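Undergrad: For reference, the structure I am asking about is given below.
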Amino acid sequence: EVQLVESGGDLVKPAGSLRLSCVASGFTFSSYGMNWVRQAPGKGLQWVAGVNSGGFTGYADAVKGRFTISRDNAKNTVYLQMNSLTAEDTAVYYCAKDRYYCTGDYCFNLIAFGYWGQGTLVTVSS
Amino acid sequence: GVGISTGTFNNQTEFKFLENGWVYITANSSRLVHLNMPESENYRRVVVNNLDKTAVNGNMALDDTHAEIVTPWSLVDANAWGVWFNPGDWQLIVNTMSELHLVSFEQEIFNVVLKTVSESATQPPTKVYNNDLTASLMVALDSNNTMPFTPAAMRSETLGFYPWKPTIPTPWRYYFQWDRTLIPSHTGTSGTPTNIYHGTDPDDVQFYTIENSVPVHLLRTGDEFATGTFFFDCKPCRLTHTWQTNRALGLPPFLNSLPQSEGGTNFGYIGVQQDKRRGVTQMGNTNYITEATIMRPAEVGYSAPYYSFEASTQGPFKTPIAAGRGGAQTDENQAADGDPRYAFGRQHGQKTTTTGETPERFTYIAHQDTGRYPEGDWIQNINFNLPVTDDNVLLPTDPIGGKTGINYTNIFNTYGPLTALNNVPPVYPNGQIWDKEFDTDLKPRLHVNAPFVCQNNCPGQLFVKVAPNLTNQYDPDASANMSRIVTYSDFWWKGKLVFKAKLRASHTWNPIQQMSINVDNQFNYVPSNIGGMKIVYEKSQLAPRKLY
Amino acid sequence: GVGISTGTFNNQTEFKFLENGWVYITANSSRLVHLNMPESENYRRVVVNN
Amino acid sequence: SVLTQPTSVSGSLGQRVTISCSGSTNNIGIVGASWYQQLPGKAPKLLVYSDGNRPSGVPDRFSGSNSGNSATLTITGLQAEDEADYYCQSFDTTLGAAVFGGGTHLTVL
C-alpha cells in the first residue's frame with residue numbers, strides 16, 4: 001500500500017531558509033505528482049506546492065517566489081526549500097500524492113486525493 | 001569411428017551488413033542435450049478429468065479435462081527467442097533495427113554419447129556409468145509436417161537459454177479427440193450442473209506414430225544427423241510501434257486563439273462555437289463537430305467481449321483477442337485481457353538459484369496503443385440530444401441481465417470492415433518465433449502467439465529416442481513391462497537461424513526510447529556471486545512509427 | 001539574375017551504408033544569416049586591462 | 001480564493017446529518033468537492049472523491065453530492081467516532097491551485 005514519510009521540520013529563525021524532505025514507496029513515483037499541504041495550529045488547510053514528473057512546479061501565491069519544490073525520481077524523494085521564512089509560515093506540513101497519474105506542464109498538481117503522510121512541524125521564531 | 005568428433009560447438013551471433021541498410025543476422029545456438037530412455041515404449045491414450053475441481057460451482061474456467069496420446073518420443077524445440085539471442089544482441093536488434101524477416105533454419109545432432117547404469121546394491125551405496133558403443137539414438141525429422149504441430153513455447157518446454165547449462169528435450173504428446181460438456185455456474189447455483197465427458201467419436205480419431213510416418217536414423221556413438229537448411233516464407237515483423245489512435249488521425253482543428261505564456265493552465269482554444277464548425281462527420285443528425293465526432297478514415301484497434309468463454313465439442317475456452325488495454329503501461333494492476341502472461345522456470349529465465357515450484361511470471365504490457373479503455377465507452381440513443389439523460393445512454397456502469405458486475409462492454413464487439421490492427425510484438429525470451437498456418441479454408445489474419453506465421457509450410461519437428469536396449473530375458477509374449485537396460489544419451493545440438501533486418505533511420509527532431517542498462521536493471525544481466533543467472537523480459541517495439 | 005534563386009535549403013541528415021559495416025553520414029545544414037554593416041570601416045588595435 | 005463552509009454542526013447518535021460547502025463555477029462547478037476528515041492531532045484522511053466514490057475501507061455511512069456552485073456531505077448512522085473536523089476541497093481552474101475550505105466541526109450527541 002502507498003506509504004509516505006517526511007522529515008526536516010524544525011524550529012528556525014525568521015528569514016534564512018529551511019529544507020523539508022518527503023519519501024515514498026509502494027507506487028510508481030514517476031507517474032504521479034507530489035504536493036505539500038500545510039496547516040497552522042488549530043487553523044485551516046492551505047496547499048503549498050506541487051511538482052509533476054517532468055520537473056514542472058507549482059506554488060501558491062503565499063509562497064510563490066519564496067519556496068522551491070523539486071523531486072528526485074531515482075529515490076522517490078521530494079524536497080521543499082523554504083527560503084525567506086516568516087512567522088506566518090509556522091505550521092504543520094504534509095506530503096501528498098494525487099490519485100490519477102499525470103505528467104507535464106499542463107498537468108494539475110493535485111485534484112482530489114493523497115495518502116497524506118504523518119507530517120512535519122515547522123516554527124519560525126527568534 | 002568411436003573416437004572421432006562429428007561437429008563443432010558454435011553459439012556466436014554475426015551481423016553481416018549489406019547495401020541499402022539491410023543486415024543478415026545469423027544466430028548460431030548450440031546446446032548439450034540430455035535424454036533418458038522413455039518411461040515406456042508404448043503409445044498411451046490417457047484422459048484428464050478434473051471433476052473434483054470443476055464440480056465446485058463457478059470454477060468452470062479451471063477446466064483441464066482433455067485427451068492426449070503420450071508417445072515414447074521426445075521433442076527438441078528451438079522456437080523461442082532466448083534459445084537464439086542474448087540480452088545484448090536483443091538490445092542491438094531492437095534499438096538499431098526497424099523490421100525483421102525470417103530467412104532460414106538448420107539444426108544438427110553431433111557427438112552422440114550413450115551410457116548405461118549399473119548399481120552395486122552394496123550396503124554403502126555406489127554405482128557406475130558405462131559406455132555402450134553399439135547403442136543408438138533414434139532421430140526422426142518430420143520434414144513433411146505429418147505429425148501434429150506442437151510448439152513447446154506455449155508450455156515453456158523449449159530448449160534452454162544458456163549455452164553453458166545443458167538442457168533436456170520434452171516428452172512428446174499430442175491431442176486425441178474428446179467430446180466434453182460443462183454448463184457454467186456460479187457460487188449460488190443449486191446442485192451441480194452437467195460436468196460430463198462423452199468420449200471419442202470414431203470420425204475424428206487420428207492415432208499417429210513416428211515410426212510409421214517418418215524415417216528413423218540410428219545414430220551410434222560416432223554418427224551425425226543434419227536436417228538440411230529450410231527457407232521461410234513469412235511476412236516481415238516490425239520493431240516499431242504505433243501511437244496514433246482514432247483521435248490522432250488527420251489534420252487537427254485550426255486554433256483561432258493560442259497561448260501567450262508558458263503555464264500549466266495556458267491552454268489553447270479552437271475558437272468557434274461547436275454547432276458552427278466546418279468539417280465532415282458520419283453523424284448525420286447533428287451539427288456538432290467535435291474531436292469525438294469528426295470523421296476518421298477507419299478504426300484503429302477493436303473491442304471484443306473480453307473474458308468471454310466459448311464452448312465447443314472439447315469444452316470452454318477463452319475467446320482470444322489481439323491487443324490489450326490502452327494506458328495500462330502506467331499501472332500493472334490494469335493489464336487485463338490481451339496482454340500475455342508468461343510463467344516459466346530456471347531453464348528459461350527464473351533466477352537459477354531459486355528453490356521451489358513457483359514460476360517467475362511477467363505480464364507483457366505492449367507498447368502499441370491499438371487497444372481500448374472500456375470504462376470510457378458509452379452507447380447513446382440515436383437522437384443525440386445533449387446533455388444525455390439517464391435513459392438515452394448506456395454507460396459502462398449499467399447492469400446487463402441484472403448482474404451488477406457485468407456491463408455492456410463485456411458482451412461488446414466493434415470489429416468490422418474498418419478495423420486497423422497490428423501484429424503481436426515479439427517477447428524476449430519466452431516468446432515464440434514462428435507458427436504454422438491453420439489448414440482451414442479461410443484463415444486468420446494473425447496469430448496471437450508468434451509474430452511470424454507460415455504461408456505454405458515450415459520447419460519440420462525433430463523427435464529423439466533411445467533405442468530398446470533389451471536384456472537377455474526378452475519375451476514379446478510377456479504381458480509385463482519389458483525389461484530394459486537403463487540407458488541414457490547425451491548429444492550435442494547445434495542450430496542456425498538466419499534473419500534479415502533493416503536498419504532504422506532518424507525521422508524526428510527528438511530522441512526515441514531505447515533499451516538501456518541502468519542502476520536499476522543492472523544485476524539482471526550478470527551472474528550472482530554463487531553463479532546464478534536470469535533473463536528478464538525485454539521490449540521489442542520501442543521506436544514509434546506513423547500510422548497515418 | 002536578380003529574380004532567380006541561386007541555391008536550395010537543406011538540413012537532411014542522410015545515412016548511406018557501405019560494405020563491411022560502414023556508414024556515410026552526410027550532414028546538410030542550412031541557415032539564414034543576418035549581417036549589419038560594421039561599426040567602423042577601420043581595423044582597431046585595442047587593449048583591455050581590468 | 002477559498003471555499004465557504006459552516007463553522008460547526010451537531011447530530012445525535014444514530015441520526016443522519018449534513019454538511020455543505022460553497023464555491024464558484026471555476027472551483028466547484030467544474031471539479032467536484034473532495035471531503036476530508038481530520039482526527040485530533042492526526043493527518044487528515046479522505047472520505048469521498050469528486051468521482052462520487054469512496055476509498056477502500058471507508059464506511060458506507062458517508063456520501064456526497066454536488067449542485068452548481070456548491071457541494072454537500074452527509075453521514076447516515078452517525079457514530080461517536082465520527083466527531084471530527086471536516087474540509088471540502090476543489091481545484092480553482094483559473095489559478096491552477098488546489099483550494100481547501102474553511103473547515104467544519106461535527107458534534108455527536
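Each chain in the C-alpha cells gets a letter, A, B, ..., in the order shown, and its residues are numbered from 1; ligands are numbered from 1 in order too.
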Please identify every residue of chain A that has at least one atom no more than 8 Å from any atom of chain D, counting only C-alpha atoms, and report them as a ChimeraX atom specification.
TA: /A:44-47,58-60,94,108-119
Undergrad: At a cut-off of 9 Å, using only C-alpha atoms, what residues contact residue 18 of chain D? Leave out same-chain residues fewer than 4 positions from it and give the result as a list in words.
TA: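 In the requested format, the answer is residues 9, 11, 72, 73, 74, 75 and 76 of chain D.
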Undergrad: Tell me which protein, DNA and RNA residues are within 12 Å of residue 15 of chain C, counting only C-alpha atoms, leaving out same-chain ones fewer than 4 positions away, and put them as a VMD selection string.
TA: (chain B and resid 19 to 21 503 to 507) or (chain C and resid 22 to 28)
Undergrad: Within 6 Å of chain B, which residues of chain C show up when using only C-alpha atoms, listed as a list in words?
TA: residues 17, 18, 19 and 21 of chain C
Undergrad: Would you please work out which residue, of B:277, B:436, B:545, B:496, is nearest to residue 150 of chain B when using only C-alpha atoms?
TA: B:436
Undergrad: May I ask for the distance between atom CA of residue 65 of chain B and atom CA of residue 147 of chain B, given in Å to one decimal place?
TA: 22.4 Å
Undergrad: Could you check how far atom CA of residue 548 of chain B sits from atom CA of residue 415 of chain B, in Å to one decimal?
TA: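 Going from atom CA of residue 548 of chain B over to atom CA of residue 415 of chain B, I get 19.8 Å.
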Undergrad: Could you list, as a ChimeraX atom specification, every residue within 7 Å of residue 501 of chain B, counting only C-alpha atoms and ignoring same-chain residues fewer than 3 positions away?
TA: /B:22-24,97,99-101
Undergrad: Would you export the selected residues with N, CA, C and O atoms as a PDB file, in the first residue's frame, please?
TA:
ATOM      1  N   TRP B  22      20.306  -3.196 -45.036  1.00  0.00           N
ATOM      2  CA  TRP B  22      19.888  -4.493 -44.552  1.00  0.00           C
ATOM      3  C   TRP B  22      21.055  -5.213 -43.900  1.00  0.00           C
ATOM      4  O   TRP B  22      22.213  -5.032 -44.278  1.00  0.00           O
ATOM      5  N   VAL B  23      20.739  -6.020 -42.899  1.00  0.00           N
ATOM      6  CA  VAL B  23      21.726  -6.810 -42.184  1.00  0.00           C
ATOM      7  C   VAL B  23      21.250  -8.253 -42.141  1.00  0.00           C
ATOM      8  O   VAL B  23      20.065  -8.512 -41.913  1.00  0.00           O
ATOM      9  N   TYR B  24      22.160  -9.188 -42.394  1.00  0.00           N
ATOM     10  CA  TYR B  24      21.877 -10.608 -42.250  1.00  0.00           C
ATOM     11  C   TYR B  24      22.302 -11.037 -40.856  1.00  0.00           C
ATOM     12  O   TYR B  24      23.496 -11.080 -40.552  1.00  0.00           O
ATOM     13  N   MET B  97      17.284  -1.698 -35.316  1.00  0.00           N
ATOM     14  CA  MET B  97      16.547  -2.235 -36.451  1.00  0.00           C
ATOM     15  C   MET B  97      15.095  -1.783 -36.416  1.00  0.00           C
ATOM     16  O   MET B  97      14.538  -1.522 -35.348  1.00  0.00           O
ATOM     17  N   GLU B  99      12.639  -3.347 -39.029  1.00  0.00           N
ATOM     18  CA  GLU B  99      11.869  -4.510 -39.427  1.00  0.00           C
ATOM     19  C   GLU B  99      12.784  -5.722 -39.452  1.00  0.00           C
ATOM     20  O   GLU B  99      14.003  -5.596 -39.589  1.00  0.00           O
ATOM     21  N   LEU B 100      12.178  -6.897 -39.318  1.00  0.00           N
ATOM     22  CA  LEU B 100      12.901  -8.147 -39.155  1.00  0.00           C
ATOM     23  C   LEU B 100      12.205  -9.223 -39.973  1.00  0.00           C
ATOM     24  O   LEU B 100      10.986  -9.383 -39.875  1.00  0.00           O
ATOM     25  N   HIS B 101      12.972  -9.959 -40.777  1.00  0.00           N
ATOM     26  CA  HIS B 101      12.447 -11.043 -41.596  1.00  0.00           C
ATOM     27  C   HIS B 101      13.046 -12.359 -41.142  1.00  0.00           C
ATOM     28  O   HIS B 101      14.096 -12.385 -40.499  1.00  0.00           O
TER      29      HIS B 101
END
Undergrad: List the neighbours of residue 10 of chain C out to 9 Å using only C-alpha atoms; skip same-chain residues closer than 4 positions along the sequence, and give me the result as a PDB file with C-alpha atoms, in the first residue's frame.
TA:
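Below is the file part-v1.pdb, written as the result:
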ATOM      1  CA  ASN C  28      23.405  19.173 -44.514  1.00  0.00           C
ATOM      2  CA  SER C  29      22.897  22.360 -42.540  1.00  0.00           C
ATOM      3  CA  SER C  30      21.200  25.486 -43.831  1.00  0.00           C
ATOM      4  CA  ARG C  31      20.661  28.795 -42.063  1.00  0.00           C
TER       5      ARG C  31
END
Undergrad: Residues near residue 109 of chain D, anyone? I mean within 10 Å using only C-alpha atoms, not counting same-chain ones fewer than 3 positions away, as a PyMOL selection string.
TA: chain D and resi 10-15+78-80+83+106
Undergrad: Keeping only C-alpha atoms, write those residues as an mmCIF file, in the first residue's frame.
TA:
data_model
loop_
_atom_site.group_PDB
_atom_site.id
_atom_site.type_symbol
_atom_site.label_atom_id
_atom_site.label_comp_id
_atom_site.auth_asym_id
_atom_site.auth_seq_id
_atom_site.Cartn_x
_atom_site.Cartn_y
_atom_site.Cartn_z
ATOM 1 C CA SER D 10 -24.319 18.796 15.609
ATOM 2 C CA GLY D 11 -26.102 15.467 15.348
ATOM 3 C CA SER D 12 -27.445 12.748 17.605
ATOM 4 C CA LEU D 13 -26.218 9.159 17.679
ATOM 5 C CA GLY D 14 -27.889 7.040 15.017
ATOM 6 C CA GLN D 15 -29.365 10.040 13.199
ATOM 7 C CA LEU D 78 -23.898 8.902 12.938
ATOM 8 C CA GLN D 79 -21.490 7.335 15.429
ATOM 9 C CA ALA D 80 -19.398 8.608 18.324
ATOM 10 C CA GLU D 83 -16.730 13.506 15.893
ATOM 11 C CA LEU D 106 -19.162 17.932 13.753
#
Undergrad: Using only C-alpha atoms, what table do you get, as a Markdown table, when you list each residue of chain B with an atom no more than 10 Å from chain D, its nearest pair of atoms, and their distance in Å rounded to one decimal, rows by chain then rising number?
TA:
| residue | atom | partner | partner_atom | distance |
| --- | --- | --- | --- | --- |
| B:263 | CA | D:96 | CA | 9.4 |
| B:264 | CA | D:96 | CA | 7.5 |
| B:265 | CA | D:96 | CA | 6.2 |
| B:266 | CA | D:94 | CA | 9.6 |
Undergrad: I need the chain A residues near chain B as a PDB file with N, CA, C and O atoms, in the first residue's frame; criterion: at most 9 Å, counting only C-alpha atoms.
TA:
ATOM      1  N   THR A  28       4.339   3.907  -8.257  1.00  0.00           N
ATOM      2  CA  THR A  28       5.264   4.368  -9.280  1.00  0.00           C
ATOM      3  C   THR A  28       5.492   5.864  -9.142  1.00  0.00           C
ATOM      4  O   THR A  28       4.739   6.669  -9.696  1.00  0.00           O
ATOM      5  N   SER A  31       5.125   8.410 -12.189  1.00  0.00           N
ATOM      6  CA  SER A  31       3.896   8.699 -12.900  1.00  0.00           C
ATOM      7  C   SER A  31       2.964   9.627 -12.141  1.00  0.00           C
ATOM      8  O   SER A  31       1.938  10.034 -12.696  1.00  0.00           O
ATOM      9  N   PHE A  56       8.333  20.284 -13.759  1.00  0.00           N
ATOM     10  CA  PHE A  56       7.489  21.465 -13.697  1.00  0.00           C
ATOM     11  C   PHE A  56       6.902  21.598 -12.299  1.00  0.00           C
ATOM     12  O   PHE A  56       6.497  20.604 -11.689  1.00  0.00           O
ATOM     13  N   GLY A  58       4.562  23.998  -9.263  1.00  0.00           N
ATOM     14  CA  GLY A  58       3.500  24.948  -8.997  1.00  0.00           C
ATOM     15  C   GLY A  58       3.532  25.387  -7.549  1.00  0.00           C
ATOM     16  O   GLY A  58       3.936  24.639  -6.660  1.00  0.00           O
ATOM     17  N   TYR A 101      -2.583   9.319 -12.378  1.00  0.00           N
ATOM     18  CA  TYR A 101      -1.263   9.520 -12.954  1.00  0.00           C
ATOM     19  C   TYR A 101      -1.278  10.717 -13.881  1.00  0.00           C
ATOM     20  O   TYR A 101      -2.268  10.987 -14.563  1.00  0.00           O
ATOM     21  N   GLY A 104       3.859  16.425 -17.007  1.00  0.00           N
ATOM     22  CA  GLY A 104       3.931  17.536 -17.937  1.00  0.00           C
ATOM     23  C   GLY A 104       3.476  18.855 -17.347  1.00  0.00           C
ATOM     24  O   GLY A 104       2.990  18.952 -16.217  1.00  0.00           O
ATOM     25  N   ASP A 105       3.641  19.903 -18.152  1.00  0.00           N
ATOM     26  CA  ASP A 105       3.337  21.253 -17.692  1.00  0.00           C
ATOM     27  C   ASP A 105       1.841  21.446 -17.482  1.00  0.00           C
ATOM     28  O   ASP A 105       1.421  22.042 -16.484  1.00  0.00           O
ATOM     29  N   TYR A 106       1.020  20.942 -18.405  1.00  0.00           N
ATOM     30  CA  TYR A 106      -0.419  21.158 -18.334  1.00  0.00           C
ATOM     31  C   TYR A 106      -1.099  20.290 -17.284  1.00  0.00           C
ATOM     32  O   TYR A 106      -2.330  20.190 -17.292  1.00  0.00           O
ATOM     33  N   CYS A 107      -0.339  19.665 -16.393  1.00  0.00           N
ATOM     34  CA  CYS A 107      -0.886  18.647 -15.509  1.00  0.00           C
ATOM     35  C   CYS A 107      -1.264  19.247 -14.162  1.00  0.00           C
ATOM     36  O   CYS A 107      -0.412  19.798 -13.459  1.00  0.00           O
ATOM     37  N   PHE A 108      -2.536  19.130 -13.792  1.00  0.00           N
ATOM     38  CA  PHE A 108      -2.974  19.629 -12.496  1.00  0.00           C
ATOM     39  C   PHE A 108      -2.198  18.936 -11.386  1.00  0.00           C
ATOM     40  O   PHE A 108      -2.106  17.705 -11.350  1.00  0.00           O
TER      41      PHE A 108
END
Undergrad: Find the residues near residue 22 of chain D: any atom within 9 Å, counting only C-alpha atoms, skip ones fewer than 4 places away on the same chain, and give them as a list in words.
TA: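 With the cut-off at 9 Å, the set is residues 3, 4, 5, 28, 69, 70, 71, 72, 88 and 101 of chain D.
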